[PDB]
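Form deposited in one PDB entry, single chain, as structure tokens, below.
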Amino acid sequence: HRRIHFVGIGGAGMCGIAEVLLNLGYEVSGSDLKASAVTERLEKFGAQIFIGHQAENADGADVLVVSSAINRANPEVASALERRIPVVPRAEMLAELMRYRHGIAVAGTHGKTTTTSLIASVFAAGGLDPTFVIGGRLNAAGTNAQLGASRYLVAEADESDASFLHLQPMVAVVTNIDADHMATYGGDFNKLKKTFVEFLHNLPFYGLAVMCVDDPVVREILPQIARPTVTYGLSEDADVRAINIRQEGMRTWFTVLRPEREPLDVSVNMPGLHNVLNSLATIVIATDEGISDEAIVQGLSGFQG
């Protein structure tokens, strides 16, 4: 399959996915009601754009991507269904892109967004220009380059999304495990917990699970994770720890302890222990990746918030 066709390609969650697919070398077409700078950018990069939803727009596509739900009223969708051309939802296509890159999946019911941003800021500090996903939208610091150009794709993994268990990361973070989204799992928190174990098991045997042992549910499932693991937190027995947490004005300073390294002092612009933990997750990922102390410090301290 080589031509992907987006119904509503100008839609916020959609344009960024089409751009990555263009970066990977696929043929991309798309349809939208209105033309905008977002459609002209995609066009400049090689997408075929159609204005209006006529059934013929889907002609030649090997797969369709739709924004919300499968709408057989849309003649583009209906025509593909009538010819058994697969129609995948936006969220699954988003998840697939990680199969083409060194994917860092940031799970956890709270702390996903800030941790993704801190990772991205630190990797950018190291010159790696990562593409990252927050709230379903793809981004990168560099604005003229195409999304997906980096070797790295950093994304939050929502355990209430139907593609959670289809992520294929190289590294996976679990900041915490909360019962917010029990309803996705038959309102049973034990099923939700088992899903996190399954998620962590989609890592390869050479992957890396990065786990907040300060969360007692994370600490409970740790022995079940048959993958390389690095723990972090304030806990005395965590692999990577923060001590001497202090404040200078509106900024938080602390010392990070890591295996086989000297203690490293660090600061971040945001308050609260949770942002200290989000920095530790970030420091774990960057350390394992080979990023320098200078880039870690620079990325953590420059993140606005």
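We call the rigid core whatever largest set of C-alpha positions still superposes within 1.5 Å between the two forms. Residue positions are given as counts along the sequence shown, with the first one as 1.
Compared with other entries of the same protein, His181 falls in the group left without coordinates by at least a third of them, where both flanks are modelled. Looking at mean Cα B-factors across 293 to 301 and 5 to 13, the upper value is held by 5 to 13. Higher average CA B factor: 63 to 71, of the stretches 238 to 246 and 63 to 71. The entry lists C-alpha B-factors for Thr255, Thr252, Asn278, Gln48, and the highest of these is at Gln48. Between the residues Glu82, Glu198, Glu220, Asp214, it is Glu82 that shows the highest Cα B-factor in the PDB record. Ranked by Cα temperature factor within the chain, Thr131 sits in the lowest third according to the deposited record.
In this PDB entry, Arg99 carries a Cα temperature factor that places it within the middle third of its chain's modelled residues. Ranked against the other modelled residues of its chain, the C-alpha B-factor of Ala157 as given in the entry falls in the middle third.
Per the PDB record, residue ranking by Cα B-factor puts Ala179 in the highest third of the chain.
Looking at the C-alpha B-factors along this chain, the one for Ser163 belongs to the middle third.
Just so you know, the form deposited with a small molecule bound exists too; it's not on screen, but the next bit is about it.
Among the residues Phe132, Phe196, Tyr232, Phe123, the one placing a heavy atom within 4.5 Å of the small molecule in the deposited complex is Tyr232. Site annotation in the deposited complex: the residue of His110, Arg227, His102, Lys191 reaching within 4.5 Å of the small molecule with a heavy atom is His110.
Figure note: of the listed segments 75 to 83, 176 to 184, 92 to 100, 162 to 170, the one touching the small molecule in the deposited complex, with heavy atoms no more than 4.5 Å away, is 176 to 184.
Proximity of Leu273 to the small molecule in the deposited complex: non-hydrogen atoms within 4.5 Å are present. Proximity of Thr116 to the small molecule in the deposited complex: non-hydrogen atoms within 4.5 Å are absent; the residue sits far from the partner. Taking non-hydrogen atoms only, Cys212 approaches the small molecule to within 4.5 angstroms in the deposited complex.
Shown alone here, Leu277 lies within 4.5 Å of the small molecule in the deposited complex, counting heavy atoms only.
Here the rigid core is superposed between this form and the one not shown, and of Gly135, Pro228, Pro86, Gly142 the C-alpha of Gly142 is the only one to shift by 2 Å or more. Whereas the displayed form keeps them at a certain spacing, the CA atoms of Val106 and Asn144 lie at least 3 angstroms closer in the deposited complex.
The pair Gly8 and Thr143 separates in the deposited complex: their C-alpha atoms are at least 3 Å more distant from each other than in the form depicted.
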